[PDB]
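Okay, here's what each chain looks like letter by letter:
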Amino acid sequence: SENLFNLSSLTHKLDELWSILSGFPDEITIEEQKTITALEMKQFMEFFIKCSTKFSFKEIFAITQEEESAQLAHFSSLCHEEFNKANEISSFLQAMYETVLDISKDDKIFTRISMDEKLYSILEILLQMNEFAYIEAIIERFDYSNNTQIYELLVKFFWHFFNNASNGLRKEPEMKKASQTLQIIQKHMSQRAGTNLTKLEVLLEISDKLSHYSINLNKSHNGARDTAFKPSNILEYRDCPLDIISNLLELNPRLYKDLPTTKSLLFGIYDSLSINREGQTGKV
Amino acid sequence: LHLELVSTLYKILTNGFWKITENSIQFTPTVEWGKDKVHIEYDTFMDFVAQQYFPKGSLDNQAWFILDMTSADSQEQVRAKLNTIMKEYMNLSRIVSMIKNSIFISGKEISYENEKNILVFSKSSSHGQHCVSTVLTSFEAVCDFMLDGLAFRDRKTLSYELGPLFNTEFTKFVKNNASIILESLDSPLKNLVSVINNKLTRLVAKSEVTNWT
């Protein structure tokens, strides 16, 4: 294989050898301990011709004979790279449905890992690819609505983008991503969000709202006042909410006339952080 | 490596200069860390970590040490760590709470081993004038741990945060308990409370705080 790797018109030679292999029986006994059945070799050639030729056939046999985590390492690397250098990832995902990520049988290469791991991985990649349509295309190609791990990584990249937010504008790319992830939730994790999605979307709402005001809520006991307002601060201020609106009135001279809005703002910040309100709504 | 060293500082703080449990806090300004037990002085150590990671005392989530980071997961890992450093150390939140919900509560006593540099909290069942002396001694021990138990920046921050509450709560306590304290002309209670007042004044001074006087 190493010798006939470095040839010309390689694709035609691969098609030729695969057409030869297609006539091969179910099993094949080969010379010694390193043993590859005809279905294993078939899946190998299929991944080569259709999915990728990055790893050598010996590398492929290694990955088959490697450790589960090592296999996931290799799969992650492979897809991560192929996504960067394929023209249209969709093609590659179909290829994954075709040779490696097919359910109609088990994968003889990544015998150490299940579909779910692979999907999880390419998902995280996709996220690092900021690719969204593919996310949900996938999730309902494989029906992971309200699935745990997908939901989790969603929340993960959610809080990630959230902790990446310097401001609160709708037009922000990061918040655009966050909005689209929340749309993912909305379309697919309805049974796996409770009210929380509500808290997230009112979070974005209040963020955009405050994004129309000036706030310097940053308790710097060395006196730093050169501070913009990051959303996650509210989490910090979880226990001192009205200090927020207080600085607002401190820094927005007319909002005092706007009881109902400010009121809804407190209410939304409360409800967002699951801030208990045991009839103390009157208090606040 | 970012995670590695920041976690390193993290466990240095939580296991070295500080150990904070739910009923005690020990500080040490000096630590022999690592298998080679290299020496570190809390003061300049957290000085430079603050300068590096907390310009203007606030979390710099747009800085290089965070903004340059690439891997999302690890990025928020180290983010949460620096946040926890800020809270527990750049802000000392747990101990601040511990103090407030401990100070001037009947049934809660606080010892201070200045030699061990440990403020220990405990449950008490003394009553009346005895628990008054007890809580005054405990608060005085808290102030002892302020003065002789904290670093300059530590004391400074912690004063900045609670000296208003210190002032008002100690004041109102003295007031409500004015009867038993002024019951006698010369009493270890009055001596001790004058100690606490002088000590709190020296706290305002050494801490050099203005937000509260």
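Residues numbered from 1 in each chain as written, not as in the entry; some residues may be left out. Chains lettered and ligands numbered in written order. Part of a larger assembly, values for the part shown. Heavy atoms only, no water.

Novice: Even after reading the chapter, I still don't get the overall build of chain B, so can you show me in this structure?
Specialist: Check the secondary structure of chain B and you find nine helices and six strands. With respect to the three principal axes, the spread of C-alpha positions in chain B is 65 × 35 × 25 Å. Counting across all 213 residues of chain B, residues that qualify as buried make up 46%. Long-range contacts, defined as pairs at least 24 residues apart, comprise 63% of the intrachain contacts of chain B with a sequence gap of at least 6. Accessible surface, chain B: about 11100 Å² in total, of which carbon and sulfur atoms supply 56%. (Helix = DSSP H or I, 4+ residues; strand = E, 2+ residues; numbered from the N terminus. Buried < 20%, exposed > 50% of the residue type's maximum accessible area, 1.4 Å probe, protein only. Contact = heavy atoms within 4.5 Å. Areas by Shrake-Rupley, 256 points an atom, 1.4 Å probe, with all protein chains shown as cover.)

Novice: Can you help me understand the interface of chain A and chain B in this one?
Specialist: Interface size, as often reported, equals the accessible area lost upon joining of the parts. Every contact between the two is made by 14 residues of chain A and, on the other side, 16 residues of chain B. The junction of chain A with chain B conceals about 1200 Å² of combined surface from both sides, 52% of it contributed by carbon and sulfur atoms. Put simply, chain A and chain B have zero salt bridges between them. The interface formed by chain A and chain B contains four residue pairs in polar contact. Here the side of chain A that touches chain B is built from residues that sort into two nonpolar, nine polar and three charged. (Buried area = accessible area lost by both parts, 1.4 Å probe. Salt bridge = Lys/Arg side-chain N within 4 Å of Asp/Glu carboxyl O. Polar contact = N/O pair within 3.5 Å; in protein donor to acceptor, adjacent residues only side chain to side chain. Nonpolar A, V, L, I, M, F, W, Y, C, P; charged D, E, K, R; others polar.)

Novice: Would you mind showing me how to read the packing of aromatic side chains here?
Specialist: Two descriptors summarise a pair of aromatic rings, namely the distance from one centre to the other and the angle between the planes of the rings. Scanning the entire structure with this criterion turns up 24 aromatic pairs over all chains. Plain terms: the ring middles of A:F157 and A:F161 are 5.8 Å apart, the flat faces sit at 70° to each other, and that makes the pair edge-to-face. In this pair, A:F157 and A:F161 are both assigned in helix α9 (residues 148-162), four residues apart and thus about one turn of the helix distant. Take A:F157: its relative accessible area is 10%, and that puts it in the buried class. A:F161 gets classed as buried once you look at its relative accessible area, which sits at 6%. Ring centres of A:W159 and A:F162 lie 5.2 Å apart, and the angle between their planes is 85°; on these two criteria the pair is classed as edge-to-face. Of this pair, A:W159 and A:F162 both sit in helix α9, three residues apart, roughly one helical turn. According to the relative accessible area criterion, A:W159 is partly exposed, its value standing at 32%. Site record: aromatic cluster; members linked through ring pairs are B:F17, B:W18, B:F27, B:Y42, B:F45 and B:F48. Above the face of the A:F55 ring, A:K54 is positioned so that its terminal group lies 4.9 Å from the ring centre. (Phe/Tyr/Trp six-rings, centres within 6.5 Å; stacked < 30°, edge-to-face > 60°. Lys NZ or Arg CZ within 6 Å of the ring centre and 35° of its normal.)

Novice: I would appreciate a short explanation of the packing of helix α3 (residues 38-51) of chain A against helix α6 (residues 89-100) of chain A in the present structure.
Specialist: To describe two helices that pack against each other, one gives the angle between their axes and the distance between the axes. All names here are of chain A. Closest axis-to-axis distance for the α3/α6 pair is 9 Å, and the angle between their directions is 170°. Between α3 and α6, the interaxial angle falls into the category roughly antiparallel. Across the interface between the two elements, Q43, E46, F47, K50 and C51 from α3 touch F92, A95, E98, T99 and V100 from α6. Taken together, the residues that form the contact of α3 with α6 break down as five nonpolar, two polar and three charged. (Axes fitted to C-alpha atoms, helices over the stretch in contact; angles between N-to-C directions. Parallel < 35°, antiparallel > 145°, perpendicular 65-115°, else oblique.)

Novice: How do you make sense of unusual backbone geometry when you look at a structure like this?
Specialist: All names here are of chain A. Despite not being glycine, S9 shows a phi value in the positive range, around 50°. With respect to the element layout, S9 can be found in the loop between α1 (2-5) and α2 (10-22). Owing to a relative accessible area of 46%, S9 belongs among the partly exposed residues under this scheme. Located in the positive-phi region is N130, a residue other than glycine, with phi close to 45°. Tracing the chain through its elements places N130 in the loop between α7 (115-128) and α8 (133-141).

Novice: Help me out: how do you make sense of a nonpolar patch on the surface in this one?
Specialist: Residues and elements named next belong to chain A. Together, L4, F5, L7 and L10 give the surface a local cluster of nonpolar side chains, amounting to about 320 Å² of exposed area. In this fold, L4 is placed in helix α1. A residue is classified by how much of its surface remains accessible, and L4, at 47% relative accessible area, is partly exposed. (Patch = residues over 30% accessible without salt bridge, like charges linked within 9 Å, V, L, I, M, F, W, Y side chains within 5 Å.)

Novice: Looking at this structure, I do not really get the pattern of salt bridges. What am I missing?
Specialist: Close approach of charged atoms allows side chains of opposite charge to pair. All names here are of chain A. Using the criterion set out here, one finds twelve salt bridges over all chains in the structure. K209 is the partner of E205 in a salt bridge, and the nearest nitrogen-oxygen pair spans 3.9 Å. Placement of both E205 and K209 in helix α11 (residues 196-210) is noted, with a separation of four residues, approximately one turn of the helix. Judged by its relative accessible area of 33%, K209 falls in the partly exposed class. Ionic contacts of the salt-bridge type, sharing partners, join the residues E46, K50 and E98 into one network.

Novice: Would you explain helix α6 (residues 129-149) of chain B in this entry?
Specialist: Every α-helix carries 3.6 residues per turn, so stepping three or four residues along brings you back to the same face. For α6(B), spanning 21 residues, the distance from its first C-alpha to its last is 28 Å, which sits close to the expected 30 Å at 1.5 Å a residue. Among the 21 residues in α6(B), 17 count as buried, and that is most of the element. (Expected span 1.5 Å × (residues − 1).)

Novice: Explain the sheet that holds strand β2 (residues 24-27) of chain B here, please?
Specialist: Pairing between sheet strands relies on hydrogen bonds along the backbone, with the strands arranged either parallel or antiparallel. Residue and element names in this part refer to chain B. One open sheet accounts for four strands, arranged β1-β2-β6-β5; its pairing is antiparallel. Taken across any chain shown, the strands that pair with only one partner, and hence form the sheet edges, are β1 (18-21) and β5 (108-113). Strand-to-strand, the axes of this sheet are offset by a mean angle of 10°, without reference to chain direction. Sheet strands in contact with helix α1 (residues 2-17) are β1 and β2, and its direction is about 75° off that of β1. (Pairing = 2+ DSSP bridges.)

Novice: Explain the side chain of A:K230 here, please?
Specialist: Checked against the element boundaries, A:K230 lands in the loop between α11 and α12 (233-236). Within the buried set, A:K230 has no salt-bridge partner at all; the shortest N-O distance to an opposite charge, 7.4 Å, is to A:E236. Polar side-chain contacts of A:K230 include one of 2.3 Å to the backbone oxygen of A:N163. If we ignore the near neighbours within four places in the chain, the residues touching A:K230 are A:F162, A:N163, A:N164, A:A165, A:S166, B:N61 and B:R79. (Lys, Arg positive; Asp, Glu negative; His and termini not counted.)

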